[PDB]
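Quick mapping for you: the protein sequence lines, in order, are chains V, D, R, B, P, G and S.
The opening position of the first sequence corresponds to residue 273 in the entry's author numbering, with each subsequent residue numbered one higher.
The opening position of the second sequence corresponds to residue 145 in the entry's author numbering, with each subsequent residue numbered one higher.
Numbered per the entry's author numbering, the third sequence spans residues 12 to 33, 42 to 50.
The opening position of the fourth sequence corresponds to residue 164 in the entry's author numbering, with each subsequent residue numbered one higher.
The opening position of the fifth sequence corresponds to residue 100 in the entry's author numbering, with each subsequent residue numbered one higher.
The opening position of the sixth sequence corresponds to residue 4 in the entry's author numbering, with each subsequent residue numbered one higher.
The opening position of the seventh sequence corresponds to residue 241 in the entry's author numbering, with each subsequent residue numbered one higher.
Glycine included, C-beta positions come from ideal geometry on N, C-alpha and C.
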Amino acid sequence: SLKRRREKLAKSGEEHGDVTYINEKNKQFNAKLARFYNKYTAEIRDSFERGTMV
Amino acid sequence: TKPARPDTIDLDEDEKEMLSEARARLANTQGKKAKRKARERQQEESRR
Amino acid sequence: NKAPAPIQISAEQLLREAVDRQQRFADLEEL
Amino acid sequence: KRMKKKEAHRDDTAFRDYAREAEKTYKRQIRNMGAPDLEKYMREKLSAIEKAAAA
Amino acid sequence: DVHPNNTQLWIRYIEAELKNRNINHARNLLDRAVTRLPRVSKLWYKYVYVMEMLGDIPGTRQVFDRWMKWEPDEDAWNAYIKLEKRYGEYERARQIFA
Amino acid sequence: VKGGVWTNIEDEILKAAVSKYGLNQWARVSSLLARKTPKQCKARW
Amino acid sequence: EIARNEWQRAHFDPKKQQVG
RNA sequence: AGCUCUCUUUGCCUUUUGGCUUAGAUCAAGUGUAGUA
C-alpha cells in the first residue's frame, strides 16, 4: 500500500501537458474534469486550439 | 471589434505593473480568516 | 521600438508564473 | 486453460462490486500459500487420533 | 458504536489486532464481524484466510460450515471445496457438493 | 483614459481573468485591467 | 493477551519509534 | 511454465470545490515637469 501510494504521488508529480491549474488540488480536480469531460468537450477544445469556428 | 494591437520590444511600465498584478491576483486562493488561521498556527508552533 | 515582440504573451504564461509564485523527546514529561 | 484464465483475469480487471474483489484477493492469497504441508497435517491427524482414542 | 456496519472499520480493527499478535482477541473480533454482517463475503473470506494461515484446519472447516449455513454464493462453496481438496479429504468434499 | 483600443496584453489578461473567474463576474476582470470598464471587457469578450 | 499487552504498555520505550 | 528487474497498459479517486438571499449587496480617479547656460 505504501509503495502504491508513493508511485501514484510520483506519477502525479509530473508536469507533462498544458498547465491550467494553480494548486495541487486544482491540478487533481482539473485532471478529473478532463477524465470526465473530454468525450463531451473535445470539440470545444478544438475550437479553442484553432482560434476560430465553434 | 477590431482585432488587436501588437506588442513592443520595450514594454511600458503600465503593462509591467498590470501583468505583475495579474500574476499576484491569479494565484490568490484563501480569505482573511484562512490566512489568519495559518499565520496563527505558525505563531503557535513557534511559541510552543 | 514599436515592432511586435517575437515571444507573444499568452494566458497560460500568466498561469505559469501564477503557479510558481504560490521529533525526539529528552524525557518522559514532554513525552 | 492458462489462456482462458488469463483472459478471464483481463476481463475481470474493472471494478464490478466488493464480493468479486473479495474472491479475487482470497484466490490470490490461497495461491500465495504455496503447496500445503500435507505431511504436517498427517502428523496432527495422527496425534489427534491418538489423543481421541485415549479419550 | 458510531459506525456499526462499516466493513472497512471492522477489517482495519481485525488487522490491527492481528499485527500485534493478539490472536484470540482478533478471533473474537472476527466472530463479532461475521455475526453483525453475515452477508459481507469479505469478512468471511478474511476469517477463513486467517484461520488457515494459523494452521487450524478444523477451525477453518467449522467457519466454512457456518458460512455454508448462511447459504452464500457459489464462490464460497468453490472455496470450501478447494480447501477440502487441498488437504486430501475428497469424501467430505462430496458432501459439500451434495 | 477609460476606453481606447484593445492591446494583446489586455486581451490575454482578459482571457486569464475569464479563466480564473468566469463570465458572470466582470468587475473583477476589469479590476485586473486598468483602462477598461466591466462593460467594455464584456463587450470585448 | 491482556497481561501481555499490559506488559508491553509498561515497557514501551520512545527510542526506536522515531525511525519508521 | 514460474520467480524477480525495468517499462507499458488496464482498473484506480486514493485530499481529489460545507449551504442559503436582492448574480447577498456595492466599487473611475491625486499629481506628473523642464525658454534661456
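For a contact defined as C-beta to C-beta under 7 Å, what are the partners of residue i on chain D?
i, result
"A45(R)", "The premise fails here: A45(R) is roughly 15 Å from chain D at the closest Cβ pair, so nothing lies under 7 Å."
"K23(G)", "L170"
Mind pulling the chain G residues with CB within less than 8 Å of residue i?
i, result
"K146(D)", "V8, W9"
"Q19(R)", "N11"
Check whether the Cβ atoms of residue i and residue j sit closer than 8 Å, and answer yes or no.
i, j, result
"residue 1(G)", "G7(G)", "Here chain G has residues from 4 to 48 only, and residue 1(G) is not among them."
"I16(G)", "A182(D)", "no"
"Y148(P)", "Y189(B)", "yes"
"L128(P)", "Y112(P)", "yes"
"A178(P)", "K184(P)", "no"
"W169(P)", "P137(P)", "yes"
"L170(D)", "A19(G)", "yes"
"residue 38(R)", "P150(D)", "It's not possible to place residue 38(R) here, given that chain R moves directly from 33 to 42."
"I122(P)", "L153(P)", "yes"
"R126(P)", "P103(P)", "no"
"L50(R)", "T292(V)", "no"
"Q258(S)", "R43(R)", "yes"
"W9(G)", "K146(D)", "yes"
"residue 44(P)", "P199(B)", "Because chain P is modelled from 100 through 197, residue 44(P) falls outside the range shown and cannot be assessed."
At 7 Å on the CB atoms, spell out the chain P contacts of residue i, in chain order.
i, result
"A185(B)", "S140, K141, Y144"
Roughly how many angstroms lie between the CA atoms of residue i and residue j, to the nearest whole one?
i, j, result
"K13(R)", "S22(G)", "29 Å"
"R131(P)", "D164(P)", "16 Å"
"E188(P)", "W176(P)", "15 Å"
"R307(V)", "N298(V)", "14 Å"
"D31(R)", "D290(V)", "15 Å"
"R277(V)", "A148(D)", "48 Å"
"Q192(B)", "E186(B)", "10 Å"
"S33(G)", "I294(V)", "21 Å"
"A218(B)", "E173(P)", "38 Å"
"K169(B)", "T176(B)", "11 Å"
"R180(D)", "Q174(D)", "10 Å"
"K304(V)", "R194(B)", "36 Å"
"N119(P)", "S284(V)", "34 Å"
"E241(S)", "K164(B)", "47 Å"
"residue 365(V)", "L182(P)", "A question about residue 365(V) goes unanswered here, because the residues of chain V that appear run from 273 up to 326."
"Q161(P)", "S140(P)", "16 Å"
"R185(D)", "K280(V)", "30 Å"
Quick one: list the residues of chain R neighbouring residue i, beta-carbon separation under 9 Å, in chain order.
i, result
"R167(D)", "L25, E28, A29, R32"
Closer than 7 Å by beta-carbon distance: list the chain R residues that pair up with residue i, in chain order.
i, result
"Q248(S)", "Those do not exist, as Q248(S) stays about 16 Å from chain R at its closest Cβ, beyond 7 Å."
"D290(V)", "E23"
"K18(G)", "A22"
Which residues in chain P have a C-beta closer than 8 Å to the C-beta of residue i? List them in chain order.
i, result
"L209(B)", "Neighbours of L209(B) on chain P: none; closest Cβ ~13 Å, over 8 Å."
Under 8 Å Cβ-Cβ, which residues of chain R neighbour residue i?
i, result
"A171(D)", "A29, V30, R32, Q33"
"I294(V)", "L26, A29, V30, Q33"
At a CB-CB cut-off below 7 Å, which residues of chain B make contact with residue i?
i, result
"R120(P)", "Neighbours of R120(P) on chain B: none; closest Cβ ~19 Å, over 7 Å."
"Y112(P)", "By Cβ distance, chain B contributes nothing, its closest Cβ being about 17 Å from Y112(P), past 7 Å."
At a CB distance below 9 Å, what residues from the segment 150-161 of chain D approach chain G? Give them in sequence order. Under the 9 Å Cβ criterion, the segment 150-161 of chain D contributes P150, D151, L155, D158, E159, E161.
At a Cβ cut of 8 Å, what residues of the segment 122-133 of chain P count as close to chain S, listed as they run along the chain? Listed in sequence order: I122, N123, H124.
Listed from N- to C-terminal order along the chain, which residues in the segment 157-181 of chain P have their beta-carbon within a distance smaller than 8 Å of any beta-carbon of chain B? From the segment 157-181 of chain P, only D172, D174, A178, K181 have a Cβ closer than 8 Å to chain B.
What are the residues of the segment 26-40 of chain G that lie near chain D, defined by any Cβ-Cβ distance shorter than 9 Å? Per Cβ criterion, the list reads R31, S34, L35, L36, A37, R38.
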